[PDB]
Amino acid sequence: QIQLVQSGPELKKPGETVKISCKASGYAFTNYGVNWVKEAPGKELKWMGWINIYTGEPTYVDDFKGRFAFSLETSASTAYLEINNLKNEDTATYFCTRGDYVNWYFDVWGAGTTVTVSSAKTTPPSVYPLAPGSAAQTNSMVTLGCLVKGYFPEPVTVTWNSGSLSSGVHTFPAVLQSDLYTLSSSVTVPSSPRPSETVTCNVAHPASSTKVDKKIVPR
Amino acid sequence: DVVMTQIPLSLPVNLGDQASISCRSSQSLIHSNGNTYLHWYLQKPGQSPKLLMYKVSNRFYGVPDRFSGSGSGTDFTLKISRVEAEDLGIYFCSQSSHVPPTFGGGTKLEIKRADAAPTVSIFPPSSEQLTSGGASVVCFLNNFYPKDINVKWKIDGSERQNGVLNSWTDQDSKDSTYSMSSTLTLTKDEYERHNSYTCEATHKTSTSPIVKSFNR
Ligand SMILES: C[C@]12CCC(=O)C[C@H]1CC[C@@H]1[C@@H]2CC[C@]2(C)C(=O)CC[C@@H]12
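Order-wise, the sequence lines are chains X and V. Each residue of the first sequence is one higher than the last, beginning at 185 in our numbering. Each residue of the second sequence is one higher than the last, beginning at 23 in our numbering.
Below, the structure is given as structure tokens:
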């Protein structure tokens, strides 16, 4: 099962460095090249550069000089990218790929390594109940919500009624306002019974060992 | 360096339909050694890219009889005959004919369906938040099709610009729509010195751009 296996998710402040591993297994390492591509959120996948594994010499894409190192260890069959002295615009997932010398393509891709760079410190969420302020013209459907505010790092996990108000739910992707994360989740109940039946959202935040349950109440 | 340009960015398709993604290069992709290195990838959600086609018209292994590649010089086209649930993903195109390789922004294959309108709902900054001194107002803009929608947060007359965080869901798997949430945030104080808050939502459907307010 010819693989390029990569290390874990990494979370660093500005100014420390990172060393992603990329271990090939099941292929003559020296007959292919290892390429490192970086996917930046919303930005195109930048190829970063290639390392020729016979000769050992890197070929940096010009845009990556200085902080970006490429090194390997052929008994070990491993490839390394070390981004020295990290700065917040680098927060991307890094892929390593073997390139084929004949057709010049990347045919085996590695799983990917996320580097999150933030100066932030681990914050608990503030979970606020969002309920209709006397608001009636929905149809016979009501929409409660939970606003998960200011946490760090990701993820939180919002459920509703401990996993049983499943359809109707819509959790939105975390956007970071001001150093920290903010997210929201909504549920469309049939109003026949609400506020008659309970509706509570449940926010787990593993990185701070915080679970929060808030009953959404008409007021 | 040779900027690869795909268009569309979404391609609404009904499963069963023929689809044709297309890509354009900003230089020729004919190499001195007489060969074109335009390759196509598929990236299904949160995953690796996957070689689909090498040098314009060659399936890679696995890739089914259902896919074609063509074009020359600067223009190329990927084509799926019967599109099926297993091809939905972002298709990107890269070139290795010139140094460094470059990719194109991709076009995501999306399911086609029936225009839906936003079930808009608007909420005032609760008791708990107010006590801490902040105040977020939140509009859920839900279950609509297509994807564009424009949020206009108008607090009285003076509309706010500078405090929005809007977000987005990928196509909802179950009955294929999108939901969005705008969230305006204020300090508690500014907030208690305006009385109206309207979530003016402009989706190509309701020609009275759908407006929902609460006045403090
Ligand atoms: C195209 C090219 C681009 C950049 C370069 O200096 C060499 C050419 C030729 C070899 C290619 C390389 C890209 C990366 C490739 C694809 C590999 O990693 C193996 C063969 C390599």
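From the three backbone atoms N, C-alpha and C, an ideal C-beta is built for every residue, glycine too.
Test: residue i CB closer than 8 Å to a CB of chain X
| i | result |
| --- | --- |
| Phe82/V | yes |
| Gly95/V | no |
| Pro146/V | yes |
| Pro86/V | no |
| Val160/V | yes |
| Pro123/V | yes |
| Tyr167/V | no |
Min CB distance residue i to chain V below 8 Å
| i | result |
| --- | --- |
| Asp274/X | no |
| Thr343/X | no |
| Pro313/X | yes |
| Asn268/X | no |
| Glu228/X | yes |
| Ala253/X | no |
Cβ-heavy atom distance, residue i to ligand 1, below 7 Å
| i | result |
| --- | --- |
| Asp170/V | no |
| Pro123/V | yes |
| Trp288/X | yes |
| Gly240/X | no |
| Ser90/V | no |
| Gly283/X | yes |
| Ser54/V | no |
| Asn219/X | yes |
| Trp62/V | no |
| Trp293/X | no |
| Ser149/V | no |
| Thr243/X | yes |
| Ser47/V | no |
| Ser255/X | no |
| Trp344/X | no |
| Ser348/X | no |
| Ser230/V | no |
| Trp190/V | no |
| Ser50/V | no |
For residue i, three-class secondary structure by DSSP
| i | result |
| --- | --- |
| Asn36/V | coil |
| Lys134/V | coil |
| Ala391/X | helix |
| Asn269/X | coil |
| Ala107/V | helix |
| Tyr213/V | helix |
| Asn215/X | helix |
| residue 240/V | Outside the shown range of chain V, which is 23 to 238, sits residue 240/V, and nothing can be said about it. |
| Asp97/V | strand |
| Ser149/V | helix |
| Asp247/X | helix |
| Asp274/X | helix |
| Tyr238/X | coil |
| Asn57/V | coil |
| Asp192/V | coil |
| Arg182/V | strand |
| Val340/X | coil |
| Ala223/V | strand |
Pairwise C-alpha distance: residue j and residue i
| i | j | result |
| --- | --- | --- |
| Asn165/V | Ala139/V | 7 Å |
| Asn287/X | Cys206/X | 22 Å |
| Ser32/V | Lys399/X | 39 Å |
| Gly233/X | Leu349/X | 48 Å |
| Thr322/X | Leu360/X | 30 Å |
| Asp247/X | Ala276/X | 15 Å |
| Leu51/V | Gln28/V | 15 Å |
| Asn188/V | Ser143/V | 14 Å |
| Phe356/X | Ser303/X | 24 Å |
| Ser94/V | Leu265/X | 36 Å |
| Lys230/X | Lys210/V | 43 Å |
Contact list for residue i against chain A, beta-carbon separation under 7 Å
| i | result |
| --- | --- |
| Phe290/X | Reference to chain A is not applicable here, since the protein chains of this structure are X and V. |
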